[PDB]
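What follows is a set of notes on a single structure, which appears directly below.
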Amino acid sequence: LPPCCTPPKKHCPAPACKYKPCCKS
């Protein structure tokens with residue numbers, strides 16, 4: 001998937017968005 005750190009899918013509800021420095025940090 002594309003950069004999770006984006007308006008489209010910024011939220012990190014699922015694991016797929018575990019590599020989101022914007023959500024982890």
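FYI, nothing fancy with the structure tokens labels: chains A, B, ... in order, residues from 1 per chain, ligands from 1 as they appear.
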Can you tell me which residues surround residue 3 of chain A at a distance of at most 10 Å, considering only C-alpha atoms, apart from same-chain residues fewer than 6 positions away, and format the answer as an mmCIF file with C-alpha atoms, in the first residue's frame?
```
data_model
loop_
_atom_site.group_PDB
_atom_site.id
_atom_site.type_symbol
_atom_site.label_atom_id
_atom_site.label_comp_id
_atom_site.auth_asym_id
_atom_site.auth_seq_id
_atom_site.Cartn_x
_atom_site.Cartn_y
_atom_site.Cartn_z
ATOM 1 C CA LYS A 9 -5.296 6.432 4.976
ATOM 2 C CA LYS A 10 -3.450 8.399 7.659
ATOM 3 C CA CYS A 17 -0.205 0.715 8.841
ATOM 4 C CA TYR A 19 5.272 1.241 9.238
ATOM 5 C CA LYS A 20 3.741 4.695 9.674
#
```
Residue neighbourhood residue 15 of chain A, 12 Å, only C-alpha atoms, exclusion window fewer than 4 positions, as a PyMOL selection string: chain A and resi 1+4+11+19-20+23-24
Backbone-only DSSP, helix (DSSP H, G or I) members of chain A, as a ChimeraX atom specification: /A:15-17,21-24
